[PDB]
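Each remark here refers to the structure printed beneath this line.
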Amino acid sequence: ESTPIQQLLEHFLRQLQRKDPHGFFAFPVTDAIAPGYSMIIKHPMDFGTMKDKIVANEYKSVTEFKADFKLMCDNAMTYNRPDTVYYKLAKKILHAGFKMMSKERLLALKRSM
Ligand SMILES: Cc1nnc2c3ccccc3c(-c3ccc(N4CCOCC4)c(NS(=O)(=O)c4ccccc4Cl)c3)nn12
């Protein structure tokens with residue numbers, strides 16, 4: 001019963017989340033885990049939130065999904081200093097996502113239908 005966009009986004013989310021085996025990005029980061037996080041990060045984002053939005057038909061374009069994904073990675077690159085696992089992983093995932101979900105690839109996908 002799922003729509004074309006939900007099926008695609010779900011694919012993108014699964015592929016990107018594969019790159020986070022430890023589950024750092026799976027659920028909202030808490031201050032208990034990451035002290036002061038909420039003083040640095042105004043607009044938190046995580047994979048679980050994104051998945052809920054997919055399921056709930058809240059994304060009306062792939063561009064909207066990309067904005068949340070980029071927000072999640074940006075947040076990690078903002079809270080964490082460059083020499084940390086979290087900043088490094090966020091950079092890698094962002095780069096992969098940006099290529100996988102490029103405007104040219106999305107145009108090809110749309111045209112194929
Ligand atoms: C995403 C992201 N961006 N910055 C961070 C960050 C910065 C400092 C410390 C931790 C993080 C984490 C992070 C988020 C979740 C987790 N867990 C993954 C497995 O399920 C339990 C929760 C971890 N794991 S953890 O590295 O083992 C950890 C570190 C500090 C305190 C507690 C923990 Cl559990 C780390 N994720 N994160």
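Every chain in the structure tokens takes a letter, A first, then B, and so on in the order presented; its residues are numbered from 1, and the ligands are numbered from 1 following the presented order.
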Query - Protein and nucleic residues near ligand 1, 8 Å, only C-alpha atoms and all ligand atoms, as a VMD selection string - result: chain A and resid 22 to 30 32 to 35 46 72 to 73 75 to 77 79 to 80 86 to 87 90
Query - Shell around residue A:94 at 9 Å using only C-alpha atoms, local window under 4 positions removed, as a PyMOL selection string - result: chain A and resi 16+69-70+72-74+89-90+98-99
Could those selected residues go to a file with N, CA and C atoms, as an mmCIF file, in the first residue's frame?
data_model
loop_
_atom_site.group_PDB
_atom_site.id
_atom_site.type_symbol
_atom_site.label_atom_id
_atom_site.label_comp_id
_atom_site.auth_asym_id
_atom_site.auth_seq_id
_atom_site.Cartn_x
_atom_site.Cartn_y
_atom_site.Cartn_z
ATOM 1 N N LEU A 16 21.438 4.504 4.165
ATOM 2 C CA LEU A 16 22.255 5.428 4.927
ATOM 3 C C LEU A 16 22.424 4.916 6.349
ATOM 4 N N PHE A 69 17.950 15.014 6.536
ATOM 5 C CA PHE A 69 19.126 14.200 6.572
ATOM 6 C C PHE A 69 20.374 15.103 6.768
ATOM 7 N N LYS A 70 20.417 16.166 5.984
ATOM 8 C CA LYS A 70 21.545 17.092 6.057
ATOM 9 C C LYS A 70 21.568 17.744 7.412
ATOM 10 N N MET A 72 20.599 16.431 10.267
ATOM 11 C CA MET A 72 21.117 15.458 11.208
ATOM 12 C C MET A 72 22.663 15.429 11.153
ATOM 13 N N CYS A 73 23.201 15.409 9.956
ATOM 14 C CA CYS A 73 24.674 15.327 9.780
ATOM 15 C C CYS A 73 25.339 16.635 10.212
ATOM 16 N N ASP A 74 24.756 17.756 9.792
ATOM 17 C CA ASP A 74 25.237 19.106 10.223
ATOM 18 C C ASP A 74 25.277 19.249 11.737
ATOM 19 N N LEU A 89 32.116 10.370 11.023
ATOM 20 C CA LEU A 89 31.063 9.529 10.496
ATOM 21 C C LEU A 89 29.975 10.410 9.820
ATOM 22 N N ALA A 90 29.575 11.476 10.488
ATOM 23 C CA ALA A 90 28.583 12.387 9.903
ATOM 24 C C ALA A 90 29.034 12.922 8.554
ATOM 25 N N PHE A 98 24.408 12.674 -0.213
ATOM 26 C CA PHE A 98 24.374 13.741 -1.170
ATOM 27 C C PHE A 98 24.583 13.157 -2.608
ATOM 28 N N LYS A 99 25.464 12.179 -2.746
ATOM 29 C CA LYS A 99 25.695 11.524 -4.068
ATOM 30 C C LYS A 99 24.533 10.628 -4.455
#
Query raised in the report: With distances taken over only C-alpha atoms, which of A:66, A:53, A:21, A:88 is nearest to residue A:106?
Result: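 Using only C-alpha atoms, the shortest distance to residue A:106 belongs to A:66.
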Report task. Mind checking which residues fall within 8 Å of residue A:41, counting only C-alpha atoms, ignoring those fewer than 2 positions away in the same chain, and posting them as a PyMOL selection string? Result -> chain A and resi 37-39+43-44+75+78-79
For the selection just defined, write its residues with N, CA, C and O atoms to a file, as an mmCIF file, in the first residue's frame.
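Result file follows (again-v9.cif):
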data_model
loop_
_atom_site.group_PDB
_atom_site.id
_atom_site.type_symbol
_atom_site.label_atom_id
_atom_site.label_comp_id
_atom_site.auth_asym_id
_atom_site.auth_seq_id
_atom_site.Cartn_x
_atom_site.Cartn_y
_atom_site.Cartn_z
ATOM 1 N N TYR A 37 24.270 19.132 24.857
ATOM 2 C CA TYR A 37 23.894 18.987 23.437
ATOM 3 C C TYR A 37 22.800 20.004 23.039
ATOM 4 O O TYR A 37 22.868 20.714 21.992
ATOM 5 N N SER A 38 21.808 20.111 23.904
ATOM 6 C CA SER A 38 20.657 20.942 23.655
ATOM 7 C C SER A 38 20.963 22.421 23.696
ATOM 8 O O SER A 38 20.164 23.220 23.234
ATOM 9 N N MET A 39 22.099 22.810 24.280
ATOM 10 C CA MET A 39 22.555 24.226 24.201
ATOM 11 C C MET A 39 23.243 24.569 22.890
ATOM 12 O O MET A 39 23.314 25.755 22.486
ATOM 13 N N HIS A 43 17.804 22.352 16.592
ATOM 14 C CA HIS A 43 16.849 21.590 15.771
ATOM 15 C C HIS A 43 17.374 20.196 15.602
ATOM 16 O O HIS A 43 17.924 19.871 14.573
ATOM 17 N N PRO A 44 17.188 19.375 16.623
ATOM 18 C CA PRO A 44 17.699 18.000 16.580
ATOM 19 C C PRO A 44 17.027 17.138 15.478
ATOM 20 O O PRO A 44 15.865 17.346 15.159
ATOM 21 N N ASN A 75 24.228 18.789 12.419
ATOM 22 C CA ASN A 75 24.189 18.856 13.864
ATOM 23 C C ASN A 75 25.383 18.159 14.520
ATOM 24 O O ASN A 75 25.958 18.681 15.493
ATOM 25 N N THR A 78 28.484 20.048 14.091
ATOM 26 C CA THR A 78 28.420 21.288 14.869
ATOM 27 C C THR A 78 28.690 21.040 16.338
ATOM 28 O O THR A 78 29.518 21.733 16.946
ATOM 29 N N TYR A 79 28.005 20.057 16.922
ATOM 30 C CA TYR A 79 28.271 19.725 18.338
ATOM 31 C C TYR A 79 29.697 19.174 18.560
ATOM 32 O O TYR A 79 30.423 19.572 19.498
#
Excluding residue A:109 and any residue of its chain fewer than 5 positions from it, enumerate the residues within 12 Å of it, using only C-alpha atoms, and give them as a PDB file with C-alpha atoms, in the first residue's frame.
ATOM      1  CA  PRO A   4       6.412   5.687  -4.654  1.00  0.00           C
ATOM      2  CA  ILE A   5       8.064   8.411  -2.538  1.00  0.00           C
ATOM      3  CA  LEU A   8      12.174   5.392  -2.286  1.00  0.00           C
ATOM      4  CA  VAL A  62      12.680  14.022  -1.680  1.00  0.00           C
ATOM      5  CA  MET A 100      22.974   8.839  -3.750  1.00  0.00           C
ATOM      6  CA  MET A 101      20.233  11.436  -3.715  1.00  0.00           C
ATOM      7  CA  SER A 102      21.708  13.867  -6.295  1.00  0.00           C
ATOM      8  CA  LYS A 103      19.369  15.988  -8.371  1.00  0.00           C
ATOM      9  CA  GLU A 104      20.485  14.139 -11.547  1.00  0.00           C
TER      10      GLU A 104
END
Report task. Find the distance between atom CA of residue A:15 and atom CA of residue A:108 and write it in Å to one decimal. Result ->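 So the two atoms, atom CA of residue A:15 and atom CA of residue A:108, lie 18.8 Å apart.
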Query raised in the report: Could you work out how far atom CA of residue A:107 lies from atom CA of residue A:2, giving the answer in Å with one decimal?
Result: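 If I compute the distance from atom CA of residue A:2 to atom CA of residue A:107, I get 20.6 Å.
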Query raised in the report: What does the distance from atom CA of residue A:91 to atom CA of residue A:68 come to in Å, to one decimal?
Result: 14.8 Å
